[PDB]
Protein chains: 4
Amino acid sequence: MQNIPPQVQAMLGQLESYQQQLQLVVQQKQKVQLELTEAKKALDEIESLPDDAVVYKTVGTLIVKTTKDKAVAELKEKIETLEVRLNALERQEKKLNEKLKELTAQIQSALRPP
Amino acid sequence: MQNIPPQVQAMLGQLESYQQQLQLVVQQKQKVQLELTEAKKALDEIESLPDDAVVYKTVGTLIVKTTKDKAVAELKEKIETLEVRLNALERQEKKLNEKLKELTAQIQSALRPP
Amino acid sequence: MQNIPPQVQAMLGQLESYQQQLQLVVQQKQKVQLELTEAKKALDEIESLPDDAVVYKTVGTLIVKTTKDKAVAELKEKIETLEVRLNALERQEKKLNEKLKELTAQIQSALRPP
Amino acid sequence: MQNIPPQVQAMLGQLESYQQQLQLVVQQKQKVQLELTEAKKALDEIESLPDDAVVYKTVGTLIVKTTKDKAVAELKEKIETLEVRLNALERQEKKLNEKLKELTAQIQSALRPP
């Protein structure tokens, strides 16, 4: 019968742990990506308004007057922030893919017929 | 005893896979249908306003002035979009119902007493 | 040993089914109750406004002008609706409690020592 | 073999029950903390507005005019409320940590080699 050594069974278990970890990182990345897409869409729309357009912003359950330039600035900052977060998550994702690649190769090498 | 052949056991398994797949498609269809109903209700209400009615729209956390005609147009587009999506999902649903019908018939034919 | 007859085992199973069904009805009732409480709070607040107070209402992502009297009326209707729904759910709940009471009594009578 | 007495097995079970209970209390505390942080941020922002700034508030799906001072007051009250709630939850949390500490010590003492 095929005899998977205890150390390889351990690698198989860790491979599954990494897969679950990657699934989470990807879900975190996608949430950030969705928010980033929405923010960019909002900025695009606000930027198309005439400079003297009336603009209000929400502060919790409150609504106060703001201006086109201020809303644009606050949206740029939100986008800046989300992109920094997105990059960090993509770096974590890339690291996980590499660990999965390397561990998969080690398992295949260990189980390869002599 | 009743002896369900391995191939029929496979059909029974696929039948369950299709059922789970249909459940999902139906949930996707219902989410689209709910959004479509809400959009139609909103359009109905906006269309009942006097042509010179004051209208504001939300852009993310911001609020800007718009007009009755522009809001109506944007709502028509949303509805147009949702209906295209709804039809595609209904086509997927119909396909799944037919596969379930045909596979159920094959299982019954295979297990029918000689 | 204690020998629970097959029919009593069936009653025990149905008792659990009713319990799960009641749990759901209660959750439905509580969601309706929460919405009703929020609507009443909103009506209370709007009714305290001066008759000439400026009021806007949301229609999806849009905001249009309304009046104090119109908002009050629409809130009364929402409350009317929720109360009708709440009563129906409470009637279902009462029915379930009675079935649980009666089935529990039947099980205890069936298992009572001779 | 190691023989965990029935009473210690009971303590181990209760330890796990307390852990699950603490997990919940912590989740409740964190929800309150998030709301408190958001409210403080909103108050900070509203307080930075000029005294004559125009302010509207939402009442359900409605929007009515308010004032800077009134919004500030209502936010202070919300924060006051959340802090009272936060403290109560932190008191429950501290109690749970102490029970976990004491029960862990009892288990270790009971299982300690003679």
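Below, all heavy atoms of this structure are taken into account, side chains as well, without hydrogens, waters or symmetry copies. Chain identifiers are assigned alphabetically (A, B, ...) following the order of the sequence lines, protein sequences preceding nucleic acid strands; residue numbering begins at 1 within each chain.
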Which donor-acceptor pairs under 3.5 Å do the side chains of residues 10-21 of chain A make with protein atoms, sequence neighbours left out?
from, atom 1, to, atom 2, distance (Å)
A/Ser17, OG, A/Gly13, O, 3.2

Testing D/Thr66, D/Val64, D/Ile63 for side chain to side chain contact (heavy atoms under 4.5 Å, CB included) with A/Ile63, which one passes? D/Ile63

Who passes side-chain contact (heavy atoms from CB on, under 4.5 Å) against D/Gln23, sequence neighbours left out? D/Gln27

Considering heavy atoms only, which positions within residues 30-60 of chain A lie below 4.5 Å of chain D? A/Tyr56, A/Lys57, A/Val59

Listing request: all salt bridge (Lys or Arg N to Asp or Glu O under 4.0 Å) pairs with a residue in residues 100-114 of chain D, at least two apart in sequence or in separate chains. none

